[PDB]
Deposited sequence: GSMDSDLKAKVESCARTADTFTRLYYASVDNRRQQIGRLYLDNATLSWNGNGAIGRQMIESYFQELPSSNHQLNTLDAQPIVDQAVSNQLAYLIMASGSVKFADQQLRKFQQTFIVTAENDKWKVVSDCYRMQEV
């Protein structure tokens, strides 16, 4: 493993931590501005419901019921092939107002003007 890539791995872990915290804060508490976290041409898929483009993603989010996400696990990887991070998050989600559900979410974030934005958002939830 390159020394460079040990650096990139750690860079990726930090940015993963901060992006995830800001992201889930913004989904639960500040949806009106959620579009800031997405590139104009990002693709979202929540439970198989697709949205193409930041504006449709914003619209989608405003139409979802209120939510509270509790993060448990976080994993992240540098993708070298501009730089992009693969991020895997998991926890429990409370959709207002239903029973508690568990969720897994895969991001690919990339940097624009020194700010990290979603390229791809995959969200899958299950019962119990």
{"item": "Missing C-alpha runs, given along the deposited sequence, first residue counted as 1", "value": "1-2, 84-88"}
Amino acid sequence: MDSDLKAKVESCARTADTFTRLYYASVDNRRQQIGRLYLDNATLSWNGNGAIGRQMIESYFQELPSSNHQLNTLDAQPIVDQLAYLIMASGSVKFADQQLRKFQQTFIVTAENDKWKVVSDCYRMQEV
From here on, numbers count along this sequence of modelled residues.
item: Residue stretch of maximal mean CA temperature factor, 57-65 vs 97-105; value: 97-105
item: Per the entry, higher mean C-alpha B factor between 111-119 and 15-23; value: 111-119
item: Peak C-alpha temperature factor (PDB record), options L83, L74, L39, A51; value: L83
item: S45 CA temperature factor, ranked by third within the chain; value: lowest
item: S92 CA temperature factor, ranked by third within the chain; value: middle
